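*Asks:* Below you'll find my_file-v6.pdb; it's PDB, C-alpha atoms and all ligand atoms.
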```
ATOM      1  CA  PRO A   1       0.000   0.000   0.000
ATOM      2  CA  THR A   2       0.936   3.643  -0.461
ATOM      3  CA  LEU A   3       0.040   6.695   1.601
ATOM      4  CA  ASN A   4       0.800   9.938  -0.240
ATOM      5  CA  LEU A   5       0.479  12.907   2.146
ATOM      6  CA  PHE A   6       0.495  16.638   1.334
ATOM      7  CA  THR A   7       0.594  19.444   3.913
ATOM      8  CA  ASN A   8       1.150  23.204   3.889
ATOM      9  CA  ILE A   9       3.241  22.958   7.054
ATOM     10  CA  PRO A  10       6.995  23.002   6.311
ATOM     11  CA  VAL A  11       7.975  19.889   8.245
ATOM     12  CA  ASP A  12      11.469  19.554   9.692
ATOM     13  CA  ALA A  13      13.465  16.416   8.952
ATOM     14  CA  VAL A  14      13.110  14.789  12.382
ATOM     15  CA  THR A  15       9.336  15.277  12.511
ATOM     16  CA  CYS A  16       9.137  13.997   8.909
ATOM     17  CA  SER A  17      10.975  10.755   9.822
ATOM     18  CA  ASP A  18       8.702  10.304  12.864
ATOM     19  CA  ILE A  19       5.563  10.651  10.741
ATOM     20  CA  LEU A  20       6.881   8.287   8.075
ATOM     21  CA  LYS A  21       7.720   5.681  10.734
ATOM     22  CA  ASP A  22       4.414   6.020  12.602
ATOM     23  CA  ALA A  23       2.400   5.867   9.379
ATOM     24  CA  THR A  24       4.343   2.832   8.148
ATOM     25  CA  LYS A  25       3.479   0.933  11.323
ATOM     26  CA  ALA A  26      -0.172   2.010  11.275
ATOM     27  CA  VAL A  27      -0.770   1.112   7.628
ATOM     28  CA  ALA A  28       0.947  -2.272   7.927
ATOM     29  CA  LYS A  29      -0.842  -3.201  11.160
ATOM     30  CA  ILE A  30      -4.369  -2.061  10.279
ATOM     31  CA  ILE A  31      -4.525  -3.334   6.694
ATOM     32  CA  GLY A  32      -2.569  -6.474   7.594
ATOM     33  CA  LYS A  33       0.345  -6.296   5.160
ATOM     34  CA  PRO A  34       4.098  -6.534   5.807
ATOM     35  CA  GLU A  35       6.056  -3.299   6.069
ATOM     36  CA  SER A  36       8.066  -4.358   3.006
ATOM     37  CA  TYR A  37       4.947  -3.550   0.951
ATOM     38  CA  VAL A  38       4.224  -0.177   2.597
ATOM     39  CA  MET A  39       5.363   3.161   1.143
ATOM     40  CA  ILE A  40       4.697   6.533   2.834
ATOM     41  CA  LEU A  41       5.387   9.910   1.183
ATOM     42  CA  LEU A  42       5.289  13.320   2.912
ATOM     43  CA  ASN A  43       5.009  16.303   0.537
ATOM     44  CA  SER A  44       5.423  19.227   2.934
ATOM     45  CA  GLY A  45       5.467  22.967   2.428
ATOM     46  CA  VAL A  46       2.785  22.610  -0.254
ATOM     47  CA  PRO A  47       0.390  25.586  -0.110
ATOM     48  CA  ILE A  48      -3.182  24.473   0.594
ATOM     49  CA  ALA A  49      -6.423  26.395   0.795
ATOM     50  CA  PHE A  50      -9.255  24.574   2.523
ATOM     51  CA  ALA A  51     -12.582  26.123   3.521
ATOM     52  CA  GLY A  52     -11.299  29.473   2.247
ATOM     53  CA  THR A  53      -8.268  29.640   4.554
ATOM     54  CA  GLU A  54      -4.625  28.640   4.492
ATOM     55  CA  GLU A  55      -4.604  27.428   8.116
ATOM     56  CA  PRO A  56      -2.664  24.161   8.610
ATOM     57  CA  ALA A  57      -4.241  21.385   6.537
ATOM     58  CA  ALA A  58      -3.351  18.058   4.971
ATOM     59  CA  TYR A  59      -4.501  15.747   2.180
ATOM     60  CA  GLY A  60      -3.716  12.054   1.844
ATOM     61  CA  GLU A  61      -4.294   9.328  -0.734
ATOM     62  CA  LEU A  62      -4.239   5.811   0.722
ATOM     63  CA  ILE A  63      -4.141   3.154  -2.000
ATOM     64  CA  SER A  64      -4.203  -0.586  -1.384
ATOM     65  CA  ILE A  65      -4.714  -3.684  -3.502
ATOM     66  CA  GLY A  66      -7.544  -5.121  -1.429
ATOM     67  CA  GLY A  67      -7.752  -5.038   2.348
ATOM     68  CA  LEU A  68      -9.905  -1.895   2.639
ATOM     69  CA  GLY A  69     -13.510  -1.458   3.676
ATOM     70  CA  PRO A  70     -15.769  -0.148   6.437
ATOM     71  CA  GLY A  71     -13.992  -2.202   9.116
ATOM     72  CA  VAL A  72     -10.551  -0.862   8.157
ATOM     73  CA  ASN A  73     -10.949   2.636   6.673
ATOM     74  CA  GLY A  74     -12.376   4.179   9.835
ATOM     75  CA  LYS A  75      -9.452   2.909  11.894
ATOM     76  CA  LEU A  76      -6.859   4.035   9.334
ATOM     77  CA  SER A  77      -8.453   7.483   9.138
ATOM     78  CA  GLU A  78      -8.556   7.933  12.917
ATOM     79  CA  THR A  79      -5.015   6.651  13.388
ATOM     80  CA  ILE A  80      -3.370   8.696  10.635
ATOM     81  CA  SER A  81      -5.336  11.784  11.665
ATOM     82  CA  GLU A  82      -4.070  11.436  15.220
ATOM     83  CA  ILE A  83      -0.466  11.182  13.995
ATOM     84  CA  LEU A  84      -0.867  14.499  12.164
ATOM     85  CA  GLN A  85      -2.657  16.083  15.126
ATOM     86  CA  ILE A  86       0.113  15.190  17.559
ATOM     87  CA  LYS A  87       3.095  15.738  15.257
ATOM     88  CA  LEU A  88       1.868  18.749  13.220
ATOM     89  CA  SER A  89      -1.064  20.227  15.223
ATOM     90  CA  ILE A  90      -3.386  19.757  12.245
ATOM     91  CA  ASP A  91      -7.010  19.556  13.317
ATOM     92  CA  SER A  92      -8.850  16.480  12.073
ATOM     93  CA  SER A  93     -11.407  18.790  10.422
ATOM     94  CA  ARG A  94      -8.631  20.049   8.123
ATOM     95  CA  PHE A  95      -7.288  16.629   7.082
ATOM     96  CA  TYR A  96      -8.943  14.761   4.220
ATOM     97  CA  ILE A  97      -7.860  11.201   3.439
ATOM     98  CA  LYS A  98      -9.097   9.515   0.257
ATOM     99  CA  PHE A  99      -9.099   5.702   0.316
ATOM    100  CA  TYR A 100      -8.886   3.753  -2.931
ATOM    101  CA  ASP A 101      -9.059  -0.029  -3.302
ATOM    102  CA  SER A 102      -6.976  -0.621  -6.421
ATOM    103  CA  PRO A 103      -7.625  -3.490  -8.923
TER
ATOM    104  CA  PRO B   1     -13.749  18.237  -3.866
ATOM    105  CA  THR B   2      -9.968  18.410  -3.881
ATOM    106  CA  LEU B   3      -7.927  19.900  -6.738
ATOM    107  CA  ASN B   4      -4.252  18.898  -6.530
ATOM    108  CA  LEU B   5      -2.261  21.184  -8.856
ATOM    109  CA  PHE B   6       1.339  20.783 -10.086
ATOM    110  CA  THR B   7       3.314  23.362 -12.083
ATOM    111  CA  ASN B   8       6.916  23.857 -13.178
ATOM    112  CA  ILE B   9       6.617  27.619 -12.567
ATOM    113  CA  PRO B  10       8.117  28.657  -9.198
ATOM    114  CA  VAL B  11       5.216  30.591  -7.681
ATOM    115  CA  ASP B  12       5.568  33.400  -5.152
ATOM    116  CA  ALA B  13       3.503  33.459  -1.968
ATOM    117  CA  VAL B  14       1.058  36.219  -2.953
ATOM    118  CA  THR B  15       0.398  34.789  -6.417
ATOM    119  CA  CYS B  16      -0.007  31.388  -4.757
ATOM    120  CA  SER B  17      -2.576  32.745  -2.296
ATOM    121  CA  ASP B  18      -4.379  34.557  -5.136
ATOM    122  CA  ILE B  19      -4.508  31.390  -7.232
ATOM    123  CA  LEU B  20      -5.741  29.341  -4.286
ATOM    124  CA  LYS B  21      -8.467  31.909  -3.559
ATOM    125  CA  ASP B  22      -9.447  32.296  -7.225
ATOM    126  CA  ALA B  23      -9.563  28.530  -7.659
ATOM    127  CA  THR B  24     -11.565  28.118  -4.440
ATOM    128  CA  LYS B  25     -14.165  30.628  -5.633
ATOM    129  CA  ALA B  26     -14.343  29.118  -9.126
ATOM    130  CA  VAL B  27     -14.704  25.529  -7.904
ATOM    131  CA  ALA B  28     -17.330  26.555  -5.338
ATOM    132  CA  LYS B  29     -19.392  28.457  -7.922
ATOM    133  CA  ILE B  30     -19.150  25.825 -10.646
ATOM    134  CA  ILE B  31     -20.038  22.926  -8.324
ATOM    135  CA  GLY B  32     -22.604  24.932  -6.347
ATOM    136  CA  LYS B  33     -21.238  24.196  -2.865
ATOM    137  CA  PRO B  34     -19.807  26.354  -0.077
ATOM    138  CA  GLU B  35     -16.075  26.961   0.088
ATOM    139  CA  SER B  36     -15.928  24.772   3.204
ATOM    140  CA  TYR B  37     -16.154  21.835   0.768
ATOM    141  CA  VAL B  38     -13.200  22.883  -1.427
ATOM    142  CA  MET B  39      -9.521  22.030  -0.985
ATOM    143  CA  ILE B  40      -6.897  23.356  -3.440
ATOM    144  CA  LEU B  41      -3.209  22.371  -3.331
ATOM    145  CA  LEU B  42      -0.473  24.075  -5.371
ATOM    146  CA  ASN B  43       2.739  22.064  -5.848
ATOM    147  CA  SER B  44       4.987  24.575  -7.619
ATOM    148  CA  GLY B  45       8.513  24.478  -8.979
ATOM    149  CA  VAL B  46       7.964  20.832  -9.987
ATOM    150  CA  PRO B  47       9.831  20.161 -13.261
ATOM    151  CA  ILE B  48       7.444  19.058 -16.010
ATOM    152  CA  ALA B  49       8.016  17.916 -19.573
ATOM    153  CA  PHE B  50       4.935  18.153 -21.782
ATOM    154  CA  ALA B  51       4.916  17.398 -25.513
ATOM    155  CA  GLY B  52       8.698  17.128 -25.393
ATOM    156  CA  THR B  53       9.499  20.566 -23.928
ATOM    157  CA  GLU B  54       9.780  22.124 -20.484
ATOM    158  CA  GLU B  55       7.722  25.192 -21.350
ATOM    159  CA  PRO B  56       5.389  26.485 -18.602
ATOM    160  CA  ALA B  57       2.877  23.770 -17.819
ATOM    161  CA  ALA B  58       0.340  22.693 -15.224
ATOM    162  CA  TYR B  59      -1.208  19.360 -14.249
ATOM    163  CA  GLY B  60      -4.285  19.054 -12.045
ATOM    164  CA  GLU B  61      -5.979  16.098 -10.401
ATOM    165  CA  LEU B  62      -9.649  16.423  -9.409
ATOM    166  CA  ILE B  63     -10.699  14.204  -6.486
ATOM    167  CA  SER B  64     -14.167  13.612  -5.010
ATOM    168  CA  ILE B  65     -16.056  15.613  -7.617
ATOM    169  CA  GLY B  66     -23.102  17.721 -11.747
ATOM    170  CA  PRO B  67     -22.439  16.704 -15.400
ATOM    171  CA  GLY B  68     -20.420  19.111 -17.615
ATOM    172  CA  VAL B  69     -18.999  20.671 -14.416
ATOM    173  CA  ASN B  70     -15.676  18.889 -14.968
ATOM    174  CA  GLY B  71     -15.157  20.517 -18.368
ATOM    175  CA  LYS B  72     -16.188  24.011 -17.291
ATOM    176  CA  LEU B  73     -14.197  23.537 -14.078
ATOM    177  CA  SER B  74     -10.989  22.342 -15.742
ATOM    178  CA  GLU B  75     -11.224  25.066 -18.391
ATOM    179  CA  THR B  76     -11.787  27.746 -15.737
ATOM    180  CA  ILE B  77      -8.778  26.587 -13.697
ATOM    181  CA  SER B  78      -6.787  26.492 -16.930
ATOM    182  CA  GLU B  79      -7.762  30.123 -17.615
ATOM    183  CA  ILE B  80      -6.833  31.180 -14.065
ATOM    184  CA  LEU B  81      -3.377  29.620 -14.464
ATOM    185  CA  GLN B  82      -2.911  31.298 -17.837
ATOM    186  CA  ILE B  83      -3.868  34.698 -16.403
ATOM    187  CA  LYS B  84      -1.868  34.364 -13.182
ATOM    188  CA  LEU B  85       1.176  32.371 -14.345
ATOM    189  CA  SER B  86       1.176  32.641 -18.188
ATOM    190  CA  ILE B  87       0.867  28.868 -18.414
ATOM    191  CA  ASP B  88      -0.238  28.014 -21.955
ATOM    192  CA  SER B  89      -0.396  24.209 -21.530
ATOM    193  CA  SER B  90      -2.368  22.290 -18.923
ATOM    194  CA  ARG B  91      -3.863  18.850 -18.328
ATOM    195  CA  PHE B  92      -6.573  17.829 -15.852
ATOM    196  CA  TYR B  93      -7.426  14.309 -14.726
ATOM    197  CA  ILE B  94     -10.518  13.098 -12.836
ATOM    198  CA  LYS B  95      -9.004  10.707 -10.297
ATOM    199  CA  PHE B  96     -10.562   7.673  -8.550
ATOM    200  CA  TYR B  97     -13.879   7.893 -10.429
TER
ATOM    201  CA  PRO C   1      -0.309   9.636 -20.749
ATOM    202  CA  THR C   2       1.033  11.202 -17.558
ATOM    203  CA  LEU C   3       3.878   9.902 -15.397
ATOM    204  CA  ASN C   4       3.987  11.622 -12.002
ATOM    205  CA  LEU C   5       7.207  10.735 -10.179
ATOM    206  CA  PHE C   6       8.160  11.326  -6.549
ATOM    207  CA  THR C   7      11.610  10.719  -5.086
ATOM    208  CA  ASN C   8      13.273  11.395  -1.736
ATOM    209  CA  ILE C   9      16.630  12.459  -3.090
ATOM    210  CA  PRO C  10      17.470  15.966  -4.307
ATOM    211  CA  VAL C  11      17.756  16.178  -8.085
ATOM    212  CA  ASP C  12      19.612  18.963  -9.875
ATOM    213  CA  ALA C  13      18.046  20.687 -12.874
ATOM    214  CA  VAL C  14      20.351  19.091 -15.461
ATOM    215  CA  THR C  15      19.750  15.543 -14.188
ATOM    216  CA  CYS C  16      16.061  16.358 -13.891
ATOM    217  CA  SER C  17      15.873  17.516 -17.522
ATOM    218  CA  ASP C  18      17.663  14.333 -18.608
ATOM    219  CA  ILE C  19      15.148  12.186 -16.713
ATOM    220  CA  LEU C  20      12.195  14.111 -18.128
ATOM    221  CA  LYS C  21      13.512  13.773 -21.686
ATOM    222  CA  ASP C  22      14.412  10.081 -21.459
ATOM    223  CA  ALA C  23      11.101   9.258 -19.749
ATOM    224  CA  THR C  24       9.218  11.128 -22.492
ATOM    225  CA  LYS C  25      10.955   9.104 -25.220
ATOM    226  CA  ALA C  26      10.455   5.814 -23.376
ATOM    227  CA  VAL C  27       6.767   6.313 -22.564
ATOM    228  CA  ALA C  28       6.023   7.528 -26.103
ATOM    229  CA  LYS C  29       7.748   4.513 -27.662
ATOM    230  CA  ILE C  30       6.277   1.834 -25.387
ATOM    231  CA  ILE C  31       2.711   3.185 -25.445
ATOM    232  CA  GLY C  32       2.793   4.047 -29.165
ATOM    233  CA  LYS C  33       1.292   7.543 -28.786
ATOM    234  CA  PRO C  34       3.065  10.708 -30.003
ATOM    235  CA  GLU C  35       5.154  12.782 -27.602
ATOM    236  CA  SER C  36       2.504  15.524 -27.754
ATOM    237  CA  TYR C  37       0.442  13.304 -25.451
ATOM    238  CA  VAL C  38       3.182  12.574 -22.880
ATOM    239  CA  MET C  39       3.618  14.523 -19.643
ATOM    240  CA  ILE C  40       6.321  13.677 -17.082
ATOM    241  CA  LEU C  41       6.618  15.325 -13.651
ATOM    242  CA  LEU C  42       9.471  14.889 -11.188
ATOM    243  CA  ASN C  43       8.703  15.812  -7.557
ATOM    244  CA  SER C  44      12.090  15.505  -5.857
ATOM    245  CA  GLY C  45      13.186  16.111  -2.305
ATOM    246  CA  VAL C  46      10.001  14.393  -1.078
ATOM    247  CA  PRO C  47      10.642  12.299   2.064
ATOM    248  CA  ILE C  48       9.706   8.648   1.516
ATOM    249  CA  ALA C  49       9.747   5.570   3.709
ATOM    250  CA  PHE C  50       9.556   2.202   1.959
ATOM    251  CA  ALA C  51       9.893  -1.108   3.797
ATOM    252  CA  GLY C  52      10.459   0.962   6.936
ATOM    253  CA  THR C  53      13.584   2.735   5.637
ATOM    254  CA  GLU C  54      14.436   6.068   4.014
ATOM    255  CA  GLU C  55      17.146   4.965   1.579
ATOM    256  CA  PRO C  56      16.696   6.384  -1.945
ATOM    257  CA  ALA C  57      13.290   5.418  -3.295
ATOM    258  CA  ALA C  58      10.735   6.533  -5.830
ATOM    259  CA  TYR C  59       6.987   6.372  -6.426
ATOM    260  CA  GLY C  60       5.417   6.725  -9.859
ATOM    261  CA  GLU C  61       1.831   7.010 -11.046
ATOM    262  CA  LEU C  62       1.339   6.204 -14.730
ATOM    263  CA  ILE C  63      -2.041   7.488 -15.881
ATOM    264  CA  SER C  64      -3.202   6.278 -19.293
ATOM    265  CA  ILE C  65      -6.569   6.835 -20.921
ATOM    266  CA  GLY C  66      -8.091   3.355 -21.187
ATOM    267  CA  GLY C  67      -5.104   1.363 -19.939
ATOM    268  CA  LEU C  68      -2.410  -0.578 -21.729
ATOM    269  CA  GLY C  69      -2.333  -3.948 -23.443
ATOM    270  CA  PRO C  70      -1.026  -7.169 -21.910
ATOM    271  CA  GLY C  71       2.599  -6.955 -20.815
ATOM    272  CA  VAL C  72       2.890  -3.225 -21.547
ATOM    273  CA  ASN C  73       2.623  -2.190 -17.879
ATOM    274  CA  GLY C  74       5.554  -4.434 -16.970
ATOM    275  CA  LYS C  75       7.619  -3.124 -19.876
ATOM    276  CA  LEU C  76       6.899   0.457 -18.775
ATOM    277  CA  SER C  77       7.768  -0.363 -15.159
ATOM    278  CA  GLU C  78      11.087  -1.962 -16.130
ATOM    279  CA  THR C  79      12.012   0.903 -18.445
ATOM    280  CA  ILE C  80      11.235   3.655 -15.926
ATOM    281  CA  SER C  81      13.069   1.806 -13.167
ATOM    282  CA  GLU C  82      16.171   1.652 -15.359
ATOM    283  CA  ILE C  83      15.992   5.425 -15.918
ATOM    284  CA  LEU C  84      15.874   5.976 -12.152
ATOM    285  CA  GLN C  85      18.681   3.476 -11.638
ATOM    286  CA  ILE C  86      20.978   5.079 -14.209
ATOM    287  CA  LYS C  87      20.215   8.693 -13.329
ATOM    288  CA  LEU C  88      19.603   8.528  -9.551
ATOM    289  CA  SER C  89      21.083   5.169  -8.378
ATOM    290  CA  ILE C  90      17.707   4.102  -6.985
ATOM    291  CA  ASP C  91      17.577   0.317  -6.846
ATOM    292  CA  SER C  92      14.647  -1.160  -8.747
ATOM    293  CA  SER C  93      13.502  -2.853  -5.508
ATOM    294  CA  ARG C  94      12.757   0.646  -4.146
ATOM    295  CA  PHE C  95      10.739   1.905  -7.121
ATOM    296  CA  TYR C  96       6.964   1.512  -6.651
ATOM    297  CA  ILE C  97       4.714   2.227  -9.644
ATOM    298  CA  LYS C  98       0.921   2.368  -9.794
ATOM    299  CA  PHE C  99      -0.979   2.292 -13.085
ATOM    300  CA  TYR C 100      -4.286   4.142 -13.548
ATOM    301  CA  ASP C 101      -6.540   3.098 -16.432
ATOM    302  CA  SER C 102      -8.691   6.195 -16.898
ATOM    303  CA  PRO C 103     -12.136   5.394 -18.356
ATOM    304  CA  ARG C 104     -12.546   8.990 -19.597
ATOM    305  CA  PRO C 105     -10.257  11.457 -21.385
ATOM    306  CA  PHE C 106      -8.075  14.134 -19.875
ATOM    307  CA  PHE C 107      -9.204  17.737 -20.110
ATOM    308  CA  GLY C 108      -6.377  19.444 -21.979
ATOM    309  CA  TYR C 109      -5.875  23.080 -22.961
TER
HETATM  310 CA    CA A 201      -0.999  -3.002  -1.718
HETATM  311 CA    CA A 202     -14.412  -4.100   6.037
HETATM  312 CA    CA A 203     -12.706  17.492  -0.660
HETATM  313 CA    CA A 204     -21.300  13.240 -15.295
HETATM  314 CA    CA A 205      -2.913  11.061 -23.540
HETATM  315 CA    CA A 206      -3.013   7.771 -22.624
END
```
Written as structure tokens, that's how I'd like the structure from this file.
*Replies:*
Amino acid sequence: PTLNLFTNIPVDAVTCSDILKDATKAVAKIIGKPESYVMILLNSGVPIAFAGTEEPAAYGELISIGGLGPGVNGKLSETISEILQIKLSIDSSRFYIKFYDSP
Amino acid sequence: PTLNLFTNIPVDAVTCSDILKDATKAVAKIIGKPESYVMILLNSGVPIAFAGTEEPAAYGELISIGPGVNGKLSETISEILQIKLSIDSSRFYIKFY
Amino acid sequence: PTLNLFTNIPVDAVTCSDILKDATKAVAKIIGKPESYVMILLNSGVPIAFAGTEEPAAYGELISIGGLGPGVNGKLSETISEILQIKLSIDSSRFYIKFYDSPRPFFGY
């Protein structure tokens, strides 16, 4: 699976590594795939307008070949959102994650 | 909806904010929803080759998007980028639909 | 088609232009469409973890209108991975590509 994140916060290198590590663990654990199949990207310092403001925000695309659904997506969303809340102070109302179950 | 934009033009902060605001207004009007439903990202200074040159170019992905809206929407964003950045070439893709 | 690349190493403008040009020629030849239809993007300096590590890596999304014939995806994957190997020393084991078969055309201007 891949998680491709974009945020308007300029993230420092240490915080970036922390997020990549935390997201790797969360994606592997919750979908049920080995970490060797999990890729996380963090595009930071990307200007974002959401709801008419440029307050801190993030966008993510989570793509998996199977393994998604109502019993998984809610947990992934909550877990990744909490990582960005703690590490970047991004409110969950300004983080949109799009899930896609790929053929 | 989310519009994820990429351009090889390096864009200054004010022009970026103007584009984000212009695009927010245009998307909101064309889709008929409040701005609280609209996210615009601008990835700038991303090298792009299009039709075998690196002339000014933009690429946009539309996520979580009425019929015909996509064409009027993509053309309007294309016009905004031409006016604000002098980008003469652009491509828009409806993603995950 | 569009190839949107992301890599975690910094890439200088000359190397970037080489990658963009070689990727344009390779995608155009393998897919059979003229270069006028090919767009390549290179997002560099993007932190990536793959298999739990941050060694040089790349992600690519290849978006084609209607998808490609049997075997063509694998040929594209191999060819792009060689470009990234030659130009950036990214091992092919750390290149991850996703193909999108778009059921509707791009909007181009
Ligand atoms: Ca997968
Ligand atoms: Ca389920
Ligand atoms: Ca949205
Ligand atoms: Ca329609
Ligand atoms: Ca095309
Ligand atoms: Ca195509």
*Asks:* Evaluate the PyMOL selection byres (((chain A and resi 84) around 12) and not hetatm) and record the selected residues as a compact mmCIF listing (two decimals) with C-alpha atoms, in the coordinates of the input, following the chain and residue labels used in the document.
*Replies:*
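And here's selection20.txt as it stands now:
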```
# COMPACT_ATOMS: atom_id res chain seq x y z
CA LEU A 5 0.48 12.91 2.15
CA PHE A 6 0.50 16.64 1.33
CA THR A 7 0.59 19.44 3.91
CA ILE A 9 3.24 22.96 7.05
CA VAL A 11 7.98 19.89 8.24
CA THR A 15 9.34 15.28 12.51
CA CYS A 16 9.14 14.00 8.91
CA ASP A 18 8.70 10.30 12.86
CA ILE A 19 5.56 10.65 10.74
CA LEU A 20 6.88 8.29 8.07
CA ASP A 22 4.41 6.02 12.60
CA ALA A 23 2.40 5.87 9.38
CA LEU A 42 5.29 13.32 2.91
CA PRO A 56 -2.66 24.16 8.61
CA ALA A 57 -4.24 21.38 6.54
CA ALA A 58 -3.35 18.06 4.97
CA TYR A 59 -4.50 15.75 2.18
CA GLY A 60 -3.72 12.05 1.84
CA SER A 77 -8.45 7.48 9.14
CA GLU A 78 -8.56 7.93 12.92
CA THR A 79 -5.01 6.65 13.39
CA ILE A 80 -3.37 8.70 10.64
CA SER A 81 -5.34 11.78 11.66
CA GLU A 82 -4.07 11.44 15.22
CA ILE A 83 -0.47 11.18 14.00
CA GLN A 85 -2.66 16.08 15.13
CA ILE A 86 0.11 15.19 17.56
CA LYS A 87 3.10 15.74 15.26
CA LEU A 88 1.87 18.75 13.22
CA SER A 89 -1.06 20.23 15.22
CA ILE A 90 -3.39 19.76 12.24
CA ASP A 91 -7.01 19.56 13.32
CA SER A 92 -8.85 16.48 12.07
CA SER A 93 -11.41 18.79 10.42
CA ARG A 94 -8.63 20.05 8.12
CA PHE A 95 -7.29 16.63 7.08
CA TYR A 96 -8.94 14.76 4.22
CA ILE A 97 -7.86 11.20 3.44
```
*Asks:* Selected by the PyMOL selection byres (((chain A and resi 46) around 12) and not hetatm) in the shown coordinates: which residues, as a ChimeraX atom specification?
*Replies:* /A:5-11,42-45,47-49,54,56-59 /B:4-7,11,13,16-17,20,40-46 /C:43,46
*Asks:* Kindly provide, as a ChimeraX atom specification, the residues of chain A having any atom no farther than 10 Å from an atom of chain C, counting only C-alpha atoms.
*Replies:* /A:1-4,13,16-17,19-25,28,34-44,63,102-103
*Asks:* Skip residue 83 (chain C) itself and residues of its chain fewer than 3 positions away, then list as a list in words all residues within 10 Å of it, counting only C-alpha atoms.
*Replies:* residues 18, 19, 20, 22, 23, 26, 78, 79, 80, 86, 87, 88, 89, 90 and 92 of chain C
*Asks:* Of the residues B:62, B:48, B:30, B:14, which is the one nearest to residue 1 (chain B), using all atoms listed in the file?
*Replies:*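 Using all atoms listed in the file, the shortest distance to residue 1 (chain B) belongs to B:62.
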*Asks:* Using all atoms listed in the file, select each residue of chain B with any atom at most 9 Å away from an atom of chain C, and give the selection as a VMD selection string.
*Replies:* chain B and resid 6 to 8 43 45 to 54 59 70 to 71 74 to 75 78 88 to 97
*Asks:* Using 12 Å as the limit and counting only C-alpha atoms and all ligand atoms, can you tabulate each residue of chain A that touches ligand CA 202 (chain A), with its shortest atom-to-atom distance in Å and the two atoms involved, as a Markdown table?
*Replies:*
```
| residue | atom | partner | partner_atom | distance |
| --- | --- | --- | --- | --- |
| A:30 | CA | A:CA202 | CA | 11.1 |
| A:31 | CA | A:CA202 | CA | 9.9 |
| A:66 | CA | A:CA202 | CA | 10.2 |
| A:67 | CA | A:CA202 | CA | 7.7 |
| A:68 | CA | A:CA202 | CA | 6.1 |
| A:69 | CA | A:CA202 | CA | 3.7 |
| A:70 | CA | A:CA202 | CA | 4.2 |
| A:71 | CA | A:CA202 | CA | 3.6 |
| A:72 | CA | A:CA202 | CA | 5.5 |
| A:73 | CA | A:CA202 | CA | 7.6 |
| A:74 | CA | A:CA202 | CA | 9.3 |
| A:75 | CA | A:CA202 | CA | 10.4 |
| A:76 | CA | A:CA202 | CA | 11.6 |
| A:101 | CA | A:CA202 | CA | 11.5 |
```
*Asks:* Those selected residues, please, written with C-alpha atoms and delivered as a compact mmCIF listing (two decimals), in the coordinates of the input.
*Replies:*
```txt
# COMPACT_ATOMS: atom_id res chain seq x y z
CA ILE A 30 -4.37 -2.06 10.28
CA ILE A 31 -4.53 -3.33 6.69
CA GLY A 66 -7.54 -5.12 -1.43
CA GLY A 67 -7.75 -5.04 2.35
CA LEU A 68 -9.90 -1.90 2.64
CA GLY A 69 -13.51 -1.46 3.68
CA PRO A 70 -15.77 -0.15 6.44
CA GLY A 71 -13.99 -2.20 9.12
CA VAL A 72 -10.55 -0.86 8.16
CA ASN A 73 -10.95 2.64 6.67
CA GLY A 74 -12.38 4.18 9.84
CA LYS A 75 -9.45 2.91 11.89
CA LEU A 76 -6.86 4.04 9.33
CA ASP A 101 -9.06 -0.03 -3.30
```
*Asks:* So the first atom is CA of residue 97 (chain C) and the second is CA of residue 74 (chain C); what is the distance between them in Å, to one decimal place?
*Replies:*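 Separating CA of residue 97 (chain C) from CA of residue 74 (chain C) is a distance of 9.9 Å.
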*Asks:* Closest to chain A among B:27, B:9, B:3, B:38, using all atoms listed in the file?
*Replies:*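 When distances to chain A are compared using all atoms listed in the file, the smallest one comes from B:38.
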*Asks:* Under the rule that all atoms listed in the file are counted, which of B:2, B:35, B:18, B:25 is the nearest residue to chain A?
*Replies:*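 With all atoms listed in the file as the atom set, the closest residue is B:35.
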*Asks:* Set the distance at 8 Å and use only C-alpha atoms: which residues neighbour residue 84 (chain B) once local chain neighbours fewer than 4 positions away are removed? I'd like the list as a list in words.
*Replies:*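 Counting only C-alpha atoms, the residues come to residues 15, 19 and 80 of chain B.
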